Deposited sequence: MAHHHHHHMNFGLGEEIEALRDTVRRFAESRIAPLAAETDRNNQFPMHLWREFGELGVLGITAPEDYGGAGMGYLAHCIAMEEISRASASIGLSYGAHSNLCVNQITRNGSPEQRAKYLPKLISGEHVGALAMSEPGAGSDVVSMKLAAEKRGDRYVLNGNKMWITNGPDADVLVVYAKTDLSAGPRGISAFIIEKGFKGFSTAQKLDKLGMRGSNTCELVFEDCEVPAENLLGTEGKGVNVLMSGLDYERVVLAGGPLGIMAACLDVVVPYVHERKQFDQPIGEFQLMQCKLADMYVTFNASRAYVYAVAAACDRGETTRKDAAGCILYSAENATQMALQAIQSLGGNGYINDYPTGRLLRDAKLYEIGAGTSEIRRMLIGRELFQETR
């Protein structure tokens, strides 16, 4: 494969990329198709992810994390999603949405208690941001009622970060908590095998020690990670685009023959060029925004920008891959398009830009 431009990100990130790629190719790619058809996450991967050392990329090394940044995590997300977008999505919700939320907003006691098992992979994590859920203080404990829809890793999550109205607070939920239950997992068009379901809270008793950050200050807790976390998830669309090229490039080689129609080769090369450029332009944009996050710089418009841009590019590139293979497309290109659409599912960028320039 030679459709990846080098961004000179340093030996450590390039080693991370290569490590994840070899793992994904041997342990993820062979079960990608079966995962989509059966609509089931292969649960054995969680412990393997842990031993690979990728479930806590941006988590402190004191809890078993790698102590790396969002650029590194985005690329780990990319290479995993490249083999399977569904598994990539589940991985992202765990290692980025859940773990990094506890990492950033958790008390020292909360980090020491919940992070080690999440980073090792013995526990699966989830995040329920988006009010359908209300929390009520009752002396020593909190009482939660309401629901949360469309939660990745919902059915399997042992630890869940959940937002509820008090005006907003965040809580750490354990699977074993009384009053907490999960409904039947969704049967989706794409991202099949990424277990998604409804969370149900009926008089759920949550200890005060499980309150995440300050009470009434949940929106800033939401806002805190959301920009940085959303950038990591842009690795999903990046991975799908990589997968598109993984299919098309060898296909163009197999199809280059004397019996090939007079002009189909040159048109295929032009299609390849557009895919190549779109892929690496998206990477450039996302990586830059991720690197800006690592520098601690505000990236609100560009974070949203790079996710929007890359998500749409992935969808259109998947369609171009299907178009390019024609009749012959057995191939996973159908899955790539279906998967891409979920990430795609502007005024915020424009509104903030307008208000900043007043």
(request) Take the full deposited sequence, match it to the modelled residues, and report the stretches without C-alphas. (result) 1-4, 135-144, 181-187, 351-353, 370-377
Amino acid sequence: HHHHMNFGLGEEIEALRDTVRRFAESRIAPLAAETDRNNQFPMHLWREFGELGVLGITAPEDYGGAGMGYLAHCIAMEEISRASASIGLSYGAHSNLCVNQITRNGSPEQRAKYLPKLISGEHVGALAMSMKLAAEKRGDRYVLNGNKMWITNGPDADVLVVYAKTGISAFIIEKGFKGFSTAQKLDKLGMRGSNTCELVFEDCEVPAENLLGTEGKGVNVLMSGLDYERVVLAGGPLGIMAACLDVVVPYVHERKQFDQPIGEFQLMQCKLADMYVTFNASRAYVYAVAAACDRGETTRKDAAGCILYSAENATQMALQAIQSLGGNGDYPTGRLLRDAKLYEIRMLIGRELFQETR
From here on, numbers count along this sequence of modelled residues.
(message) When the Cα temperature factors in the entry are averaged, is it 235-243 or 153-161 that ends up higher?
(response) 153-161
(message) So, looking at the entry's B-factor column for Cα atoms, which has the higher mean, 168-176 or 216-224?
(response) 216-224
(request) Would you mind finding, among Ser90, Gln101, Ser181, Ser84, the residue with the largest C-alpha temperature factor in the entry? (result) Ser181
(message) Out of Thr299, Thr315, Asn39, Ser324, whose C-alpha atom has the biggest B factor in the entry?
(response) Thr299
(request) Name the third of the chain's ranked CA B-factors that contains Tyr285, choosing lowest, middle or highest. (result) lowest
(message) Using only modelled residues of the chain, where does the Cα B factor of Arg346 rank: lowest third, middle third or highest third?
(response) highest
(request) Could you look up the Cα B-factor of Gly190 in the entry and say which third of the chain it sits in: lowest, middle or highest? (result) lowest
(request) For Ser26, return the chain-relative third of its C-alpha B-factor as stated in the PDB record: lowest, middle or highest. (result) middle
(request) Please place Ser310 in the lowest, middle or highest third of its chain by C-alpha B factor as given in the entry. (result) lowest
